Every structure is written in C-alpha cells, then in structure tokens.
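Reviewing the structure listed below.
The analysis underlying the following values was restricted to heavy atoms, covering all of them including side chains, and did not include hydrogens, waters or symmetry mates. For this chain, numbers begin at 1 and follow the sequence in order.
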Amino acid sequence: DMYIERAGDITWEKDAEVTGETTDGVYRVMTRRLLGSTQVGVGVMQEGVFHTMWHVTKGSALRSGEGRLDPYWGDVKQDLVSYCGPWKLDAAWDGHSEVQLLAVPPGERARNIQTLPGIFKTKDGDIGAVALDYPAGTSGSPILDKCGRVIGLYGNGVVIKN
C-alpha cells in the first residue's frame, strides 16, 4: 500500500536558509508496513496531476485520502512518473539564478534552502545540479525558481532553458 500525505504549499521563502484528493501542494510518498510507515519519496501535485520520480513508485498506484491515483506517464531513463494526467511541470532554470530546494525529509517538517546549482556537462548538454545531501526518501522534493515554480525535482538535475 502506497499513499501520499500533503506536506505544505509550493512557495519561495524570503527568509530561507542560504548556502482522489489532488489538491495542489508538495506531498510525501509513503508505503505502509505492519509496524509503521516509511517515506519513499516526495512529489508535486499541480493541475490535478501528481509528479514524482520513477524509482520512488515504479508506476505503482497511489491512494490519496479515500480515492486512488493511477499512473499516466513514466520514463525510467528520466526517472519520472506522472499520475492521472501528463507532465505539467514545464518551467526551466535560467542557468544563473539561485534556486530554492523545498526539501521534505522523512520525519521532518518541510523547509526551503537557497542554493546555486552547479552546471554539469553532459553528452545531452549543460544541466543544473543541486549539490545538497538529504536522507533517503527526500527524492522528488521540488526545486523552485524566484516565482515559486517547479524547475526540477531533487535528485534528477535541473534543465536549463535560457
């Protein structure tokens, strides 16, 4: 049994540290156990679509409150998966501005932390990388631009579109 729990709003924080319910927000991705529950990752609900990374769910369905969310699109190479709707997160990183990682670590409250991604060279091209370390289960945490928009997901890199 995998389920999601809302953890807060997607907002850029001005006083941040510097270095089937489908309500918009950031959600913990949880799997129930006989003894307890475990946070397997994080995801973003936006425009009635839930967005998380493939390694977190592997296309498994998600129960949101009473209702159920079914997978719609997925790609293992990209490590992404969307539920009941196609991918809605289209914003991109300018390639030079500081971003905010909205980290939602297991067992801890959500927090924002500003940082400047490094640009990592790849055969596909330049990419942004948030050089921060958070526990297992923080994957899927949203990366925000100054306007509160999701430009990427923690652990996956950030696309540049200047």
Do any side-chain atoms of residues 114-123 form donor-acceptor pairs under 3.5 angstrom with protein atoms, and if so which ones, sequence neighbours left out?
residue, atom, partner, partner atom, Å
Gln114, OE1, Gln100, NE2, 3.4
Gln114, NE2, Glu98, OE1, 2.8
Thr115, OG1, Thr19, OG1, 2.9
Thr122, OG1, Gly125, N, 3.0
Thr122, OG1, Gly125, O, 2.3

Side-chain ([X]) to main-chain ([Y]) donor-acceptor, under 3.5 angstrom:
X: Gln39; Y: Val104; result: yes
X: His51; Y: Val49; result: yes
X: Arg33; Y: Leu35; result: no
X: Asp9; Y: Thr11; result: no
X: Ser60; Y: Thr57; result: no
X: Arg28; Y: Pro105; result: yes

Review point. By side chain to side chain contact (heavy atoms under 4.5 Å, CB included), which residues pair with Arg109, not counting sequence neighbours?
Key: none
Point to revise | Contacts of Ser64 that satisfy side chain to side chain contact (heavy atoms under 4.5 Å, CB included) - sequence neighbours left out | key: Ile4, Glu21, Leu69
In this structure, would [X] and [Y] fall into the same cluster of hydrophobic residues linked by side-chain contacts under 4.5 Å?
X: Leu101; Y: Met53; result: no
X: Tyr27; Y: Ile143; result: no
X: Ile113; Y: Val130; result: yes
X: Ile127; Y: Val99; result: no

Check your understanding: With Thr31, which of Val56, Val40, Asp1 fulfils side chain to side chain contact (heavy atoms under 4.5 Å, CB included)?
Key -> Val40
Study note, to complete from the structure: Grouping ILVMFWY residues whenever side-chain heavy atoms fall under 4.5 Å, the cluster of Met30 otherwise contains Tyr3
Review point. Ion pair present between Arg111 and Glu108, side-chain N to carboxylate O less than 4.0 angstrom?
Key: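 Yes, charged N to carboxylate O under 4.0 Å.
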Report, one line per pair, each donor and acceptor closer than 3.5 Å where one atom sits in a side chain of residues 151-162; sequence neighbours left out.
residue, atom, partner, partner atom, Å
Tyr154, OH, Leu132, O, 2.6
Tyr154, OH, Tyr134, N, 3.1
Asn156, ND2, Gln78, O, 3.0

Review point. Pairs in or reaching into residues 71-93: which pass salt bridge (charged side-chain N to carboxylate O under 4.0 Å, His left out), with residues at least two apart or in two chains?
Key: none
**Study point:** From CA spacing to verdict: side-chain contact (heavy atoms from CB on, under 4.5 Å), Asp70, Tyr83
**Key:** CA-CA 5 Å; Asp70 293 284; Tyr83 286 80; 5.6 Å; no
